[PDB]
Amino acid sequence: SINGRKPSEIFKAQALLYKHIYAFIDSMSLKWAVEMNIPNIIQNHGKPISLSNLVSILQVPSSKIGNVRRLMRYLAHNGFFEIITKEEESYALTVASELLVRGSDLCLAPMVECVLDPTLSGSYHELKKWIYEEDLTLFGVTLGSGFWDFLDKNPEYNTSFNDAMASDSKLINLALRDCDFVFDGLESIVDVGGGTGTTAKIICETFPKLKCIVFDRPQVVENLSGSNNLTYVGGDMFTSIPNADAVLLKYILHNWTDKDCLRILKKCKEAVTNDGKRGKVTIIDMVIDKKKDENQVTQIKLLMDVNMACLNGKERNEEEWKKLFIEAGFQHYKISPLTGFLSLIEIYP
């Protein structure tokens, strides 16, 4: 016996341990496929590509052709390619690698590249130091400033981040604009942390009479010009949010601790309750629901929750969301499914 167990039981446990020690290879191989432009090469080929044609296009040295084959077979087994064998081995796209093809409705390749930046993803080697920090975020530990300040000083990172945020924007924004219950009766809305206006443009295109303010950090909105009913305001959501009939928070609250979310939600409440008005706040973020979601979906949401250590953020379940809303002085809330992993939450002051 080994470790008080049958050798066969130990071998099974060793296999599990190795799967996890080496899990980073799943990430790194996927990154490599995107960096080598393989999904687009195959799409452009118009049929499954032979290994010989693939390496010919890539112009890899002959000494590394077998390494390409090994990586392709590894990716295929993970579900990113289909191997078809005739005279030669060939590689076809799958639905998952079709998500990496430029100029698709949903092209998520920019998310792969942003998340797997060596410095950002490398930050996760410092979970131990981070867990001992009373206040710092994981990125605060590794980058030497807060994340938003870091983006302001590093334009290539700012671009990578913006592209990653844009990569699922059409789908979410279109699902949002199709929610008439959100926009019925509004005369104005402020998109708090609204970025470069990606969401707001779709809103304005849908509802040409609606006043829309894109609100974000001064550096984010500097030099952007609005049109007719769309304007940009630079500011700090922790200090003052412009008055409107409604606030939108898309992918905002999951970036912050409960304490910081409280501060934001207080400013949002103020924005929608000026001069006797009683507006509302509309939130787009994940809602964890272990009882109702499919297990695989719950698992991804739990993973994202762990990933949010980067900003001391959180992916919240309904009880967690409710506790925030009550502490922030909102009277009631409603949660609806929106698209994929995301819900639409409305709160009423």
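One rule holds for the numbers: they count along the sequence shown, beginning at 1.
For the pair 245-253 and 88-96, the record assigns the higher mean C-alpha temperature factor to 88-96.
Taking only CA atoms, the mean B-factor in the PDB entry is higher for 273-281 than for the other of 273-281 and 70-78.
The top Cα temperature factor in the record, among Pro118, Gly144, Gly197, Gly234, falls on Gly144.
Within the group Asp260, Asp184, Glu113, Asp216, the record's highest C-alpha temperature factor is found at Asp184.
Split the chain's modelled residues into thirds by C-alpha temperature factor. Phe11 is in the highest one. The entry lists a Cα temperature factor for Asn37 that places it in the middle third of the chain's modelled residues. Remark: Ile2 belongs to the highest third of its chain, ranked by C-alpha B-factor as recorded. Per the PDB record, residue ranking by Cα B-factor puts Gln43 in the highest third of the chain. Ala23: CA B factor in the lowest third of modelled residues in this chain (values from the PDB entry).
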